[PDB]
Amino acid sequence: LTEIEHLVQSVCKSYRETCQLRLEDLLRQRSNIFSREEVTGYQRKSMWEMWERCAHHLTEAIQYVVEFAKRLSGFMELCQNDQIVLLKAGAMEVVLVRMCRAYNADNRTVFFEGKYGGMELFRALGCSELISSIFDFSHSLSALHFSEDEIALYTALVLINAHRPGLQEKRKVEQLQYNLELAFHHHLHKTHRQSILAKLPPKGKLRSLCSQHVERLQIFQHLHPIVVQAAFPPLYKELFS
Ligand SMILES: C[C@@]1(C(=O)O)CC=C(c2nn(C(=O)c3c(Cl)cccc3C(F)(F)F)c3cccc(F)c23)CC1
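Rules and cut-offs
- Residues numbered from 1 in each chain as written, not as in the entry; some residues may be left out.
- Heavy atoms only, no water.
- Near = heavy atom within 4 Å.
- Polar contact = N/O pair within 3.5 Å; in protein donor to acceptor, adjacent residues only side chain to side chain.
- Areas by Shrake-Rupley, 256 points an atom, 1.4 Å probe, with all protein chains shown as cover.
- 1 Å grid on protein atoms, 1.4 Å probe; cavity = no way out; pocket = protein on both sides within 12 Å on 5 of 7 lines; lining within 4 Å.
- Sits in = over half its atoms within 2 Å of the grid points.
- Helix = DSSP H or I, 4+ residues; strand = E, 2+ residues; numbered from the N terminus.
- Expected span 1.5 Å × (residues − 1).
- Buried < 20%, exposed > 50% of the residue type's maximum accessible area, 1.4 Å probe, protein only.
- Arc of directions from axis to C-beta.
- Contact = heavy atoms within 4.5 Å.

Asker: Just checking my understanding: could you explain the site of the ligand for this structure?
Answerer: The environment of the ligand is formed by 21 residues, the closest being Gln63, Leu217, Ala231, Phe232 and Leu235. Here an oxygen atom of the ligand sits 2.7 Å away from a polar atom, N or O, in the main chain of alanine 231. In this structure, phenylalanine 232 approaches the ligand through a main-chain N or O atom, which is 2.9 Å from an oxygen atom. Relative to its unbound accessible area of 610 Å², the ligand is 100% covered by the protein chains. In a pocket analysis with a 2 Å cut-off to the grid points, the ligand is assigned to the second largest pocket. Only α4 (47–70), α5 (80–98), α9 (203–223) and α10 (233–240) provide two or more residues apiece to the shell around the ligand.

Here it is, written out as structure tokens:
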């Protein structure tokens, strides 16, 4: 009956509709691991082919997060400048959080192109430190057994942050943020999951991880430009031109 219970339902629905793979499918595929031969095949690929593959997967992941944001109550009513400020700053942070679902803490593997593989699958990219950081981050969230609704509500808060520099209608973003904060806290209380609050990553950790990741993608894009499937001209302009 409350606006808050409806907000939880709407955020979770927006999330279910914008999540590429179902949790059940990711969990059943846990036993489907790349063989020693398949790993070698990925390791032998050119860094530039691995870059193209990864850039396609990441672009697609970002577009689903943009669709997720568009479905958040009041996001569409924000001015274009603020929608772009929030997505530029937060869309990749949401992508990085969403990765924990495809991460298996038991063998330190991630679901990539149909099977589970370790960080050694990405050797040709020559990004070992960055990839270890992404794996470590996914591990910290996966150890919490972060539920589907916890991911939906937490990633809505990653996006709707009134502290992002450059916002023009801060008060409008704050209104949306307070309601989502209440929705998250109300949901954790009901499910007896408030204990994860002290275990979540410090905000600065996600920001720094995302800045390092985006900086690396920008270096690859400068050296070897990809043909990007662009759906959002104002957002594309901010990241690529
Ligand atoms: C959604 C999109 C469009 O369809 O118009 C525009 C922006 C994208 C994006 N890319 N991106 C990347 O990091 C990225 C990606 Cl996802 C792939 C290749 C290159 C890059 C980049 F920007 F670094 F050059 C973002 C980071 C934060 C917010 C972002 F929105 C992005 C992807 C496509």
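Having put the structure on the table, let's press on.
Asker: Can you help me understand α9 in this one?
Answerer: Given 3.6 residues per helical turn, the α-helix brings residues three or four places apart onto the same face. Its 21 residues give α9 an end-to-end C-alpha distance of 31 Å, which sits within 8% of 30 Å, the value for a rise of 1.5 Å per residue. Every buried residue of α9 is accounted for by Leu206, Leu209, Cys210, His213, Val214, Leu217, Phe220 and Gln221. Angular distribution of buried residues about the axis of α9 spans 125°; they occupy a single face of the element. Pointing more than 90 degrees away from the buried face of α9 are the exposed residues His222 and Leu223. On its buried side, α9 packs onto α4, α5, α6 (128–142), α7 (148–159) and α10.

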